[PDB]
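Chain identifiers are assigned alphabetically (A, B, ...) following the order of the sequence lines, protein sequences preceding nucleic acid strands; residue numbering begins at 1 within each chain. Every heavy atom of this structure was used, including side-chain atoms; hydrogens, water molecules and symmetry mates were not.
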Amino acid sequence: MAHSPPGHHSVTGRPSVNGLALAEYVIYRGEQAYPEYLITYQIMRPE
Amino acid sequence: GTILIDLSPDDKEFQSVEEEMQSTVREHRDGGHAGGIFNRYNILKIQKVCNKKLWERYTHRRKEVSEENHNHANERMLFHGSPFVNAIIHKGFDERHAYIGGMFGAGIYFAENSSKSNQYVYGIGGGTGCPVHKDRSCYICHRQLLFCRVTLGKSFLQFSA
Ligand SMILES: O=c1[nH]c(-c2ccc3n[nH]cc3c2)nc2ccccc12
Ligand SMILES: [Zn+2]
């Protein structure tokens, strides 16, 4: 893995074209996330 | 060390996690190529992931980050999709779970949009789709996402397409 930018713990990817997109985030240390919920699902075919 | 506890659909915790999953679906610029064509999910199960060692690893790091950032962990709840979700829940996140070729460098990527993480369930770009039918838009096969607690601390803001 890379390092975070100096003086930062993560990167925020702010969407700047698609006005409907929400943010995406990057961490560089595995210890900075805990997998709290496991969700089992199907995608649904639109009507 | 990991145990999985089923949540009941009647539990407020199941309901609030389902709502986050459903309400953060969006359309994607690939027309559904990677993740499939859908507006919503059929949630089959939600389980709490309980691992004392992994939790302590997380909270230890959270305190370090917090003390470097005026007592602010900047903790978020975010989605993660990966072919390795079964390894993550048993061993935690590490360098093997990084997106080496990601837009923001080799790190572990998380999304606010559940449908963004859904694009990675079968690999980068949806890989070859589901194991059974090789269909990235499979409506039959069962998928898994993680809804994760993530410490951002001081986050570097990247404006981007
Ligand atoms: O949930 C995500 N997983 C992944 C992901 C997960 C595991 C991977 N292994 N190799 C590449 C990966 C990408 N990338 C994302 C990028 C942006 C937003 C969310 C995600
Ligand atoms: Zn399938």
Side-chain angles (χ1 to χ4, degrees), chain A residues 1 4 9-13 22-43, chain B residues 1-25 35 40-66 69 71-99 107-121 142-153 155:
Chain A
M1 278 189 291
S4 305
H9 308 97
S10 70
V11 172
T12 297
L22 302 177
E24 300 170 18
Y25 298 89
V26 191
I27 60 175
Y28 303 86
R29 301 272 300 270
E31 306 92 331
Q32 271 169 236
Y34 182 80
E36 212 161 312
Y37 300 92
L38 178 67
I39 298 165
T40 309
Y41 69 97
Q42 301 161 307
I43 58 158
Chain B
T2 295
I3 73 171
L4 301 178
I5 307 300
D6 275 48
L7 299 179
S8 154
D10 295 325
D11 184 344
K12 69 183 180 179
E13 210 183 335
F14 181 109
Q15 285 162 16
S16 63
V17 173
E18 171 162 11
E19 184 57 23
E20 262 302 278
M21 175 91 178
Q22 298 290 7
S23 66
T24 63
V25 177
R40 69 196 166 106
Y41 314 104
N42 179 31
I43 302 297
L44 298 163
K45 192 179 277 193
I46 305 179
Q47 293 163 299
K48 180 71 139 295
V49 180
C50 292
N51 185 311
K52 191 153 181 277
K53 175 154 193 283
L54 294 182
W55 179 251
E56 279 168 12
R57 195 171 80 107
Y58 177 74
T59 62
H60 186 262
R61 177 56 186 162
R62 184 174 65 182
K63 188 154 173 284
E64 290 172 353
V65 170
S66 180
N69 194 52
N71 307 309
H72 181 42
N74 198 18
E75 183 174 88
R76 306 298 176 81
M77 292 298 301
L78 298 171
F79 297 96
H80 186 78
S82 176
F84 311 123
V85 284
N86 234 75
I88 295 159
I89 65 165
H90 287 107
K91 293 182 74 178
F93 286 103
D94 69 63
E95 59 285 343
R96 300 189 286 284
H97 305 119
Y99 186 180
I108 306 168
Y109 282 65
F110 296 84
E112 286 179 7
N113 288 119
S114 66
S115 60
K116 172 54 67 170
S117 293
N118 174 71
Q119 301 183 306
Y120 291 94
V121 163
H142 291 191
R143 297 179 187 220
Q144 296 188 315
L145 276 184
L146 298 169
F147 188 46
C148 302
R149 189 172 300 265
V150 186
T151 290
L152 300 174
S155 199

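Between B:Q144 and B:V121, the shortest heavy-atom distance links the atoms O-CG2, 3.5 Å. Between B:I43 and A:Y41, the shortest heavy-atom contact is CD1-CB, 3.9 Å. Contact record, B:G153 with B:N69: C-ND2, 3.7 Å, taken as the closest heavy-atom pair. Heavy-atom minimum distance, A:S4 versus A:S10: OG-N, 3.8 Å. Of all non-hydrogen atoms in B:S155 and A:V11, the two that sit nearest each other are OG-C, 3.5 Å.
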side-chain contact (heavy atoms from CB on, under 4.5 Å) between B:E64 and B:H60: does it pass, once the steps are laid out? CA-CA 7 Å; B:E64 290 172 353; B:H60 186 262; 3.1 Å; yes
Full working for side chain to side chain donor-acceptor pair (under 3.5 Å) between B:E75 and A:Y34: CA-CA 11 Å; B:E75 183 174 88; A:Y34 182 80; over 6 Å; no
Could you give me the CA-CA distance, side-chain angles and deciding distance for B:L145 and B:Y120, then say whether side-chain contact (heavy atoms from CB on, under 4.5 Å) is met? CA-CA 9 Å; B:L145 276 184; B:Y120 291 94; over 6 Å; no
side-chain contact (heavy atoms from CB on, under 4.5 Å) for A:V26 and B:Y99? Distances and angles first, verdict last. CA-CA 9 Å; A:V26 191; B:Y99 186 180; over 6 Å; no
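With sequence neighbours excluded, the residues that form a salt bridge (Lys or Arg N to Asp or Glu O under 4.0 Å) with A:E31 are A:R29. The side-chain hydrogen bond (donor to acceptor under 3.5 Å, both in side chains) search around B:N86 returns none, not counting sequence neighbours. Applying the side-chain hydrogen bond (donor to acceptor under 3.5 Å, both in side chains) criterion to B:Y41, with sequence neighbours excluded, gives B:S114. A search for salt bridge (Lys or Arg N to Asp or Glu O under 4.0 Å) contacts involving B:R40 returns nothing, not counting sequence neighbours. Listed by chain and residue number, B:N118 satisfy the side-chain hydrogen bond (donor to acceptor under 3.5 Å, both in side chains) test with B:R143 (two or more places apart in sequence, or in another chain). Applying the side-chain hydrogen bond (donor to acceptor under 3.5 Å, both in side chains) test to A:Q32 and every residue at least two apart in sequence or in another chain returns B:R61. The ring-ring contact (aromatic ring centres under 6.0 Å, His included) check on A:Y37 picks up nothing, with sequence neighbours excluded. Residues satisfying the side-chain contact (heavy atoms from CB on, under 4.5 Å) criterion with B:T59, sequence neighbours excluded, are B:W55, B:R62. For B:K45, the side-chain contact (heavy atoms from CB on, under 4.5 Å) partners two or more places apart in sequence, or in a different chain, are A:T40, B:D6, B:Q47. With sequence neighbours left out, B:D11 forms a salt bridge (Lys or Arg N to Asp or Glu O under 4.0 Å) with no residue at all. Evaluation of the side-chain contact (heavy atoms from CB on, under 4.5 Å) rule for A:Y25 yields A:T12, A:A23, B:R76, B:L78, B:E112, B:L152 as partners, not counting sequence neighbours. Partners of B:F93 under the ring-ring contact (aromatic ring centres under 6.0 Å, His included) rule, at least two apart in sequence or in another chain, are B:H80, B:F110.
Taking CG from B:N74 and OG1 from B:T151, the interatomic distance works out to 8.5 Å, rounded to the nearest 0.5 Å. The CD1 atom of B:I88 lies 9.0 Å from the CG atom of B:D94; values are rounded to the nearest 0.5 Å. Taking CG of B:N51 as the reference point, atom CG of B:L4 lies at 10.0 Å (rounded to 0.5 Å). Within the model, atoms CZ of B:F147 and OG of B:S16 stand 7.5 Å from one another, a figure rounded to the nearest 0.5 Å. A distance of 11.5 Å separates CE in B:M21 from CG in B:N113, rounded to the nearest 0.5 Å. Between the CD atom of B:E13 and the CD atom of B:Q15 there is a distance of 11.0 Å, given to the nearest 0.5 Å.
Residues B:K116 and A:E24 form a side-chain contact, since some pair of their non-hydrogen atoms from C-beta on lies under 4.5 Å apart. For the pair A:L38/B:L146, a side-chain contact is recorded, criterion being any heavy-atom separation below 4.5 Å from C-beta on. Side-chain contact between B:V17 and B:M77 is absent, with no heavy-atom pair separated by less than 4.5 Å. In this structure, the side chains of A:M1 and B:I108 come closer than 4.5 Å at one or more pairs of heavy atoms.
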